[PDB]
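Read the structure below first, then the notes.
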């Protein structure tokens, strides 16, 4: 009843229907801020 | 019947005069004012050396000290770059001011009875009450 | 400069350097302080 | 993602999958589901995911909050021509005044 | 008995700007004016040379 | 001289006659102040209501192929004695090199290490990551890009 | 406000005293309206500590304009 | 859902719009001055 999935060699074991769904992820942390090089309306206002 | 919890600590202490980052950026650009004002003086020389910088200081601070009307057209184009950059600077600084003034507040306020830090408590969680009550 | 004195108030209202109406009375400079405030 | 102009509010009530239907006691269950794992263990499922549904066309919910390119300013673009064509007559008025005064 | 509100609500006035925080930029008026007297003495030394 | 007045220059301009000259200057000054106010009201409105994107999906290829390209401080995670180790080693673990130094038995030790920054990234099963992300220390965001 | 108003009176008294070398009432309002970006052609002084202290006051001028506008728009919200 | 980070520091990588090509147009102004010097030859 442990929280284990299968690979193709897990032929040996016989699962039931999967009750929950999960996947493979990575974990990172936060940054602080974003890039926006003062040019948002500069091609927009460049039309006027 | 509700939950008694404790007041947080605000986002006060508005000593943020350089927290919009100047201590490197304003220090970097103030020297390039002078080092491009001297070469622009040479540009109007080969076609008031200590005096030509005050015109760039005048256009940078919106202050009517004006004596450096350039007889070369190209240094007037450089002044157009100055009034563009200075208005970009003061606009971006005002946007960083008002944004840092009102952006958000992090909040860990509990919901009520249906919150998982209550129902599955940590070791740090004294959620006790009084004795001999209907609670 | 009766027709001309209004342009000084238009100059202070639009941040536009049209300036000819420096008031020799101090009190009208106080009224100009009310204009730049408003 | 594809056409445009609709949203969803999340809240996945069911959380289910898409199996393959066969008759019971078939000899084609085990090796077929083994190949399902094999198609998972190379990312080829994700390859067909790229080739079929990973095509975003319209914008997200995001709210860029606004944009200011060209369009709305036509209400204040008339300020440059609203009085300059009558200022010629204002020159004619001024030269009439200077012919009087 | 109980209709006596003393402290402020949650509301978030969002801010106020009365007197307090501006002391970090209140030093700009005196940070260089006391040395500008010596800058006058420097200028009258330069005019005594030039 | 009739250009810099949109930016409130210092710049003493040649004052013209009292004619349609100064009238059309005031006409342009209306568009000057209304463009300054509109651009500033847009600009501060871009500092708010802005989504902040991380780069974890491209580095799932790029830092896999090139872990040493930007910084040798790229301290990776692991699932030691895990089935996921073999499954990537069979498919997508050329970074089963460079990662033997990055072995941590005990998940909460790797948690507090990356919380002090002693790991860059930590690969794991999704569901335990999402649940402990919801139980993460307060409000430190530790998810993967877009989920 | 009245603090910087008497600072304007102080620097005008300095511009009277240390430039004993045009400042009776003109030194007040010409050096007052520059916080509000007036039109107002002021009497241009010598290149001395006069224009230095003008630029010093101009820093506080633009930083007060930005701070008041950032507060004011923040009172329209929340 | 990924609301907002909090920032007050100026992004120094957003300074690319500030050293957007000041010196390049200054070099074109130098070539403009050199072409003026050849127009003095004409």
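Residue numbering for chain G follows Swiss-Prot, covering 559-579, 600-656 in order.
Placed from the backbone N, Cα and C atoms, the Cβ positions cover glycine too.
What Swiss-Prot annotates here:
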{"type": "INTRAMEM", "residues": "G:604-623", "note": "intramembrane segment"}
{"type": "REGION", "residues": "G:604-623", "note": "region 'Pore-forming'"}
{"type": "SITE", "residues": "G:615", "note": "site 'Functional determinant of NMDA receptors'"}
{"type": "TOPO_DOM", "residues": "G:624-630", "note": "topological domain 'Cytoplasmic'"}
{"type": "TRANSMEM", "residues": "G:631-646", "note": "transmembrane segment"}
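Note on the region 'Pore-forming' (G:604-623): DSSP counts are 7 helix, 0 strand, 13 coil.
Same-chain residues lying 6+ beyond the ends of the intramembrane segment (G:604-623) with a Cβ under 8 Å from its Cβ atoms: 566-567, 569-570, 573-574, 577, 629, 632, 635-636, 638-639, 642-643. Annotation for residue G:615 (site 'Functional determinant of NMDA receptors'): no spatial neighbours, criterion Cβ-Cβ under 8 Å with sequence separation of six or more.
Within the chain, the topological domain 'Cytoplasmic' (G:624-630) has long-range Cβ neighbours (under 8 A, six or more residues past its boundaries) at 573, 576-577, 579.
Each residue in the topological domain 'Cytoplasmic' (G:624-630) gets a DSSP state, and the totals come to 4 helix, 0 strand, 3 coil.
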